[PDB]
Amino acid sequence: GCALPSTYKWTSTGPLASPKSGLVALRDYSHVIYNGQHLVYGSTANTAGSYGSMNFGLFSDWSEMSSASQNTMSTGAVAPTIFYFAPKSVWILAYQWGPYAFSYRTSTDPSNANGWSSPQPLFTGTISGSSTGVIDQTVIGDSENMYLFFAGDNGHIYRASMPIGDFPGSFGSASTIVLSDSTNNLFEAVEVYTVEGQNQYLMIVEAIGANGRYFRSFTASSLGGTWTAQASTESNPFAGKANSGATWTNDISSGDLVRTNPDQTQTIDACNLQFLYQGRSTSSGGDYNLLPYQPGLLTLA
């Protein structure tokens, strides 16, 4: 395939959807291709600043996202991750703020927002130094193990693992810290991907900059190994105001790179890098929980 870029630059769409009546924001997207169409799950914020979740109706082209249905989940699955777990032929939805520190549900009908199984434990542990507690999971496998990565709004990235034959199931309560920095430099919204054909993994993490939210990147040769800084500063980031080509938003915030293969390896084609991110109008302000986040798409330049 293609090696990761040494230096990142992008072009952007404008906003691709707006929240339906009774909602103020669409956040934290997770995307898969399902039956040749785009299947997107995400969080919601309502007029009171309370968080829930949803999916979009299946849509073929990004220009059609604005007319897709917005389907409210009856029990919330905030900051979701969706993937197909191939060894047991089942789709997985992982999330925070449910009955366990992280939870999951299963389905064979993932286009139905309300077709998921009863919640099961994904992780039951704790962290310290945090105003939020554990936040923003992702889940990724290799041929031997499944891995859980997450954040804490506290400058740390955490990891747990289990044998692949034990999944779906709980990772337990123990974790290991894999990265540490200032709170603003490693804040939240971590994502991890297999770089197709390159024997390498990509991690991206949301940071708080002087000029907006932006992403930093790291690389590894194994999911249980060391993470090395790649695009590390606000002025030369993975994706941010400095290199996004987006003028409708300053923020490039919590979302998902575009994955074509929907399986548990979270594989990206680095010949065709694209980023489904949350942004907000440059004129927006006030209460964080009421900010009008909505989706946009970056394509490498």
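Quick note: we count residues from 1 along the sequence shown, nothing fancier.
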Completion exercise
Per the PDB entry, mean CA B-factor is higher for 88-96 or 180-188, namely for 180-188
Exercise for the section: Averaging the C-alpha B factors as listed in the entry, name the stretch that ends up higher: 75-83 or 223-231. Expected result: 223-231
Exercise for the section: Identify, among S111, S128, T194, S170, the residue whose C-alpha carries the highest B-factor in the deposited PDB entry. Expected result: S128
Handout entry: Peak C-alpha temperature factor (PDB record), options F56, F275, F238, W248
Key = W248
Practice task
Would you check the entry's CA temperature factor for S175 and let me know if it's in the chain's lowest, middle or highest third?
Solution key: middle
Practice task
Relative to the other modelled residues of the same chain, rank the CA B-factor of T138 and answer lowest, middle or highest third.
Solution key: lowest
Problem - CA B-factor placement of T260, once the chain's modelled residues are sorted into thirds - result: highest
Fill in the blank from the handout: Split the chain's modelled residues into thirds by Cα B-factor; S217 lands in the middle
Handout entry: Chain-relative CA temperature factor third for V205
Key = lowest
